[PDB]
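Here you get one chain, nothing else, as structure tokens; it is the form deposited in one PDB entry.
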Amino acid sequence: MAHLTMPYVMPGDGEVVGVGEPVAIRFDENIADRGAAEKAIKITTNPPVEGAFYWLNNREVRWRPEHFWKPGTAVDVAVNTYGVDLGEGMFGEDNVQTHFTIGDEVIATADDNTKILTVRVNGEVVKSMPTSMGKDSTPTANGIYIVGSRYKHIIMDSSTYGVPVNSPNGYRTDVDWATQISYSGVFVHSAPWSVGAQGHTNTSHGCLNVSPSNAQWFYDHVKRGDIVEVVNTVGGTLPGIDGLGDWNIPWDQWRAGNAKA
């Protein structure tokens, strides 16, 4: 009996995504030969751009260029793992493909010195939103965050992130208009309870609190792969292997890869 593993490729076939979206290939088993996996994945872009592979964990590899994508780029991915030994006799269960395109450049910068989140679309300021980020004891990390999933309404529960709800930094919070920007649990979301503090004082556990209307706007206009950059906070840097932290790894290190470690 064969040992098989199924690949899953993102983003979605035909999706339009932002300039920060990486190609993601996740397998349902640990990959013992990361080099075989990389060799089996073919990527074509138009206009052509150099890119490289980097593993976030034993099951998931990412591919991106050095710089954010050029708007209008079309990308084809073929994960040709059928017939490929991905290490220790674990074979690809199937081949998978995605074709996607890059939309407008959307980069929203949150500067702790001004407490404003400024959304720029192809270089042009379209919104200036007062924000309240993580208070000093639970700060928002600096760095480049890739926009992920969005929810009209959800609960953020700190136990998802290893912090008990009953503990001083714990929370179990209903939020409207929530756009996820890290797997570590940073979201841009509606925070009617911090509208006074927004633009002046950090009060959150690390999320970018903005007004109800600004969060709904963000929910409506920003898409997976668009960019939030956080600067000047008292936090550290979002980890490169967060899940949405890919761009915080310097290109030389990204390009060198981690196929053999």
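We call the rigid core whatever largest set of C-alpha positions still superposes within 1.5 Å between the two forms. When you see a residue number, it is the position in the sequence shown, counting from 1. Residues that one form lacks are left out of the comparison.
- Here the stretch with the larger average CA B-factor, out of 48 to 56 and 228 to 236, is 48 to 56.
- The question of which stretch, 88 to 96 or 109 to 117, has the higher mean Cα B factor is settled in favour of 88 to 96.
- Across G103, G83, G148, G170, the greatest Cα temperature factor reported in the deposited entry is at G83.
- Between the residues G243, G18, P250, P22, the entry's highest C-alpha temperature factor is the one at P250.
- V61 sits in the middle third of its chain by CA B factor, as recorded in the PDB entry.
- Split the chain's modelled residues into thirds by C-alpha temperature factor. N122 is in the highest one.
- When all modelled residues of the chain are sorted by CA temperature factor, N30 is found within the highest third.
- The deposited CA B-factor of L208 belongs to the lowest third of values across its chain.
- Ranked within its chain, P164 lands in the middle third, by CA B factor from the PDB record.
In what follows, reference is made to the form deposited in another entry, a form of this protein that is not presented.
- With the rigid core aligned between this form and the one not shown, only one of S190, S132, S158, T138 has a CA shift of 2 Å or more: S158.
- Taking 2 Å as the criterion, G148 does not count as shifted between this form and the one not shown: its C-alpha moves by less than this amount when the rigid core is aligned.
- A movement of the C-alpha atom of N169 reaching 2 angstroms or beyond is seen between this form and the one not shown when the two forms are aligned on their rigid core.
- Every Cα shifting by 2 Å or more, across three or more consecutive residues, marks a moved region; comparing between this form and the one not shown on the rigid core, the sole such region is 158 to 171.
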